[PDB]
Amino acid sequence: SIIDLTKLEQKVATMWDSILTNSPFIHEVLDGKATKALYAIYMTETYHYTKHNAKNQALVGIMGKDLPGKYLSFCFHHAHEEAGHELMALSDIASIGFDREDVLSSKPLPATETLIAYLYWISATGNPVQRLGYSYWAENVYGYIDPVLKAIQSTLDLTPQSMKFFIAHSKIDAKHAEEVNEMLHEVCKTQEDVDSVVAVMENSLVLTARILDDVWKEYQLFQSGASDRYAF
Amino acid sequence: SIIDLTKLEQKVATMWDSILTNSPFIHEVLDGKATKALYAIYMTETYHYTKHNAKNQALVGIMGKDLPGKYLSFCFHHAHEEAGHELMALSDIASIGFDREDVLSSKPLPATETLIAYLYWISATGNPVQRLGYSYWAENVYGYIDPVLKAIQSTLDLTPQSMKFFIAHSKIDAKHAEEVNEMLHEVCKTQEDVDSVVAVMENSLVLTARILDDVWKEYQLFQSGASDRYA
Amino acid sequence: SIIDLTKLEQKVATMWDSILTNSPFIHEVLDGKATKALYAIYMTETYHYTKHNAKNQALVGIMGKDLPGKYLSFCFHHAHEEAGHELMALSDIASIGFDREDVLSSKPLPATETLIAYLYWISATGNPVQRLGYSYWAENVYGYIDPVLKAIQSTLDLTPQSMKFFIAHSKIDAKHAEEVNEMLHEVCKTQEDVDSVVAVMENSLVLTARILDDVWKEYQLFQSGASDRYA
Amino acid sequence: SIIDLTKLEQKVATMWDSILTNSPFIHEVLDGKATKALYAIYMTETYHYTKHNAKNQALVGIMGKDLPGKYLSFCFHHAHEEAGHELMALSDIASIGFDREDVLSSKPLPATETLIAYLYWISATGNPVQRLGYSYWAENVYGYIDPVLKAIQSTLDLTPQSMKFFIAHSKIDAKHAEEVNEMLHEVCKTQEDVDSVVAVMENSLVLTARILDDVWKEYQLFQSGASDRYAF
């Protein structure tokens, strides 16, 4: 294999370190000061972008030219596996006493809309291998964010029922992680293939981090600033 | 359920009757006059449109707005099930002594390119339910074409190895027909939904029938003055 | 230049000869038997595919990779020139006493939907030069269909007001034919480029001819048992 | 008319104020310390996103459903007017002694790739009116960035020949600005139409500002850090 996954693992570990050290959202949570409203604001944006993942994954298989047989199957298989996953986030929001309808009628925050656009773009154009970079960190993510999830669970005294989105991830994503890694070794033939994977891995994570910044800004404005939300 | 599948079955039966009674290609086969070249020309075009089915099926799931949960799952599941199916046609061509490379480097015939265009268009636009009309006759075809298949097998003395495309996935095909029928009852809520399914069912079959015409024209030119083929 | 437009002109002339000699629609008109209903059914389908021409022309410019500068400009310029042209067909229908709303709420006939699908497909995929084949015959049609137009004008005693679609933009049409020819010499660098232009020219005209067949079938049903229309 | 352009003008003026006050790139220029390399790095990214503008403008006309007649014409007309505009940026780069080929073979910076994705997305989906928001600030832009352009012209002692991209803008964009404003009044029927225009105006400008940040980071790394560039 031409791809060195220890090198990608190293870049991902460096990026999370920065995100967790600099995000006020993450510090607020780890201090033990997360609230229902904060968790909802954040789960709402997760719902918004997650809603498009099956679709943009399937798009690689439609737009990609001369993909290896295994890669075309992979795209449709995983699109099928991801379909509806956003409902788990919407279920978690309902589990903490909020209205599913307020979420369904909401427009995504600008950072989230920006991530959504990026993911369709890199799925519809360029080196068809590149979306695997998103999947690479997206699937081996539980190992870095576990302390943040454990702190939210403690502060809001949540049960696995109000945390289904992150409970699916750490069970059948230890398999999906293995599947992504095997697919990466199969489809990466040149260094240009690897470079495109690294470029998408990096930017998709940079863009996902900006969502935390939008979530935090709207959370602060939430007390007075804007009529954007409903506290019950 | 608002859809009456016996009515759809009746329209399909009427259309096949016409196609089988009027296609010179079909009579040639039934007359016991099929040749390796004829089967290969035909399987090559099947290869060209089948190559796109997984892709246009997945496309309904991407372009359709507010699809029932079961239908979005259905689109991606079925795209996954169809992925690679064209390889079975390629394999049958190889099985009768021809080169897989001459197929891979060939351009589809005009009627085949026309069907491909149509199926992408009805998958990307309009009432998202409509592609199920294509699937309706397509998953339930073997019963009408069985005699044509049996005659090809006899003339060219073929084994199941040279006929994977039409009889490898027979148990799978029976399950897919049931799944399409169940999905049709599920997603058709208004008569406009049903009409869109019927329009696509009809036109996709009309366009598929034009492929037989192109195959026959090029076959007659094949034993003559069109060096478009190799044998 | 690598393209020989006299060769293209010869293939187009051969194809029209066939369409005009075999279409019952064309003979009906030439026999002096056109009616308002017949012209409206036909203009309604013209409206349906013309509605998409600006859009699929613009699409070549968006999907084409590394197009010569002049060709990208050409695609967007011509899309701009074509925008709204379907309104002229709508206007002609209104001019002979029918309701513009019955046209706007109608679904295209299957053959028309098939042409629309094909033109988007060849604009979105393949050799980006190929749509120019459609334009080639389409901008240079009036000379072959002139007698049919003249016969319609006589039977239904039409003025230029009821025939805007075919004779309002005549000076503009002559300039567009020249522009397509110049662009063809400019963008065709290899024989594969030329072949792709010829394939599209041929199939787009074959598919347009199928519209005449659908128009005739529905017209015969119109004075009978298809309440698909209003008169 | 339902849209109040003085309100949009006010939001744009507030955003530029922030961008110009906080961008190290902009301060570096206004101090009189811009260099050929800095101008090239920046013009290269302008080239990258400008290259797609005619295309994403034409896309609104292809994807938009039931657009007013004047709006469909507008989309194709303006796509035609924008076609090739990126060549002016590439011409400016050549005018200061750099190789056009180094630009053509370069991949856009992540912030630029992110803007490109966003613009196609908002052009292919949602309320078809919304891309006019990008055009709104894009066309009435010369009035805020004029001092930055005048400082670059002085430091690098440039003639109108090495500044064709920003010389086209301030002549036939006083017409385009008027055309956008007239089109906005024509196509905005509801407040939801206006809101979509405002949302795109804001995010497209936020995303364009991030390009300045990527340009600056790569410019600093340019002395030692990375082999990404060529100083001649």
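Summing -39500 (n - 2.57) over the DSSP H runs of n ≥ 4 in the protein assembly as shown and dividing by its residue number, what mean residue ellipticity at 222 nm do you reach, to the nearest 500 deg cm²/dmol?
Mean residue ellipticity at 222 nm (helix-derived): -24000 deg cm²/dmol.
Could you pull the Rg and Dmax for the stretch C:1-67, using just the Cα atoms, both in Å?
Reported Rg and Dmax, both Å: 17.6, 51.
Contact order normalised by length for chain D, with contacts defined as Cα pairs under 8 Å and 6 or more residues apart; what percent is it?
33 percent
Neighbour counts of other C-beta atoms within 10 Å: give me A:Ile2, C:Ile26 arranged from fewest to most.
A:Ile2, C:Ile26
Using the Cα centre as the reference, give the magnitude of the dipole from point charges on the C-beta atoms of the protein assembly as shown (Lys, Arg: +1; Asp, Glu: -1; all else neutral), rounded to the nearest 20 debye.
For the protein assembly as shown, the charge dipole is close to 40 debye.
Translational diffusion coefficient of the stretch A:1-102 at 4 °C, 1.567 mPa s, Stokes-Einstein with Kirkwood Rh over Cα pairs, in µm²/s as a whole number.
So the translational diffusion coefficient is about 78 µm²/s.
Say the cut-off is 29 Å between C-alpha atoms; which of B:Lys164/C:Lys107; C:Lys7/D:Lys55; A:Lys7/D:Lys217; B:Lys33/B:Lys107; B:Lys55/C:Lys70 go over it?
B:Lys164/C:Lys107; C:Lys7/D:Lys55; B:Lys55/C:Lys70, as the Cα separations exceed 29 Å there.
According to the square roots a ≥ b ≥ c of the eigenvalues of the Cα gyration tensor, what is the shape class of the stretch C:1-128, taking rounded for a/c under 1.5, prolate for a/b larger than b/c otherwise, and oblate for the remainder?
oblate
Whole Å is fine, so just give me how far the alpha carbon centre of the stretch B:1-29 lies from that of the stretch B:45-89.
Here the two parts' Cα centres lie 24 Å apart.
Give the order of A:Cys188, B:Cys75 when sorted by the count of other beta carbons within 10 angstrom, beginning with the fewest.
A:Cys188, B:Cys75
Helices from chain B with mean Kyte-Doolittle at least -0.5 and a Cα length along the axis of 18 Å or more, per DSSP H: which?
Helices passing the filter in chain B: B:5-22, B:36-50, B:110-124, B:142-155, B:191-222.
Chain C: Rg/Rh from Cα coordinates, Kirkwood Rh?
0.97
Taking each pair of distinct Cα atoms in the stretch A:76-119 once, what is the resulting Kirkwood hydrodynamic radius in Å?
Roughly 12.2 Å, rounded to one decimal.
If all Cα-Cα distances of the protein assembly as shown are sorted into 10 Å bins from 0 onward, what percent lands in each bin, rounded to whole numbers?
Percent of pairs per bin, in order: 2, 10, 18, 23, 21, 15, 8, 3, 0.
Angle, helix A:5-22 long axis vs. longest principal axis of chain A, Cα atoms, 0 to 90°, nearest 10?
The answer is roughly 20 degrees.
Using Cα centres only, tell me the gap between the stretch C:115-134 and the stretch A:148-222 in whole Å.
40 Å
Whole-Hz ³J(HN,Hα) for each residue in the stretch D:184-193, computed from phi via Karplus 6.51 cos²θ - 1.76 cosθ + 1.60 with θ = phi - 60°, x for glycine and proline: what do you get?
The phi angles translate into 4, 5, 6, 8, 7, 9, 10, 5, 5, 5 Hz.
Quote the convex hull volume per residue of chain A, based on C-alpha atoms, as a whole number of Å³.
Expressed per residue, the convex hull around the Cα atoms of chain A is 114 Å³.
Mean separation of Cα pairs under 8 Å and 6+ residues apart, divided by the residue count of chain B: what relative contact order is that in percent?
Relative contact order, chain B: 33 percent.
Neighbour counts are summed over all protein chains in view; Cβ atoms, including those assigned to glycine, are modelled from backbone coordinates with ideal geometry. Read the figures in this text as sums done on the coordinates, not as results from a lab.
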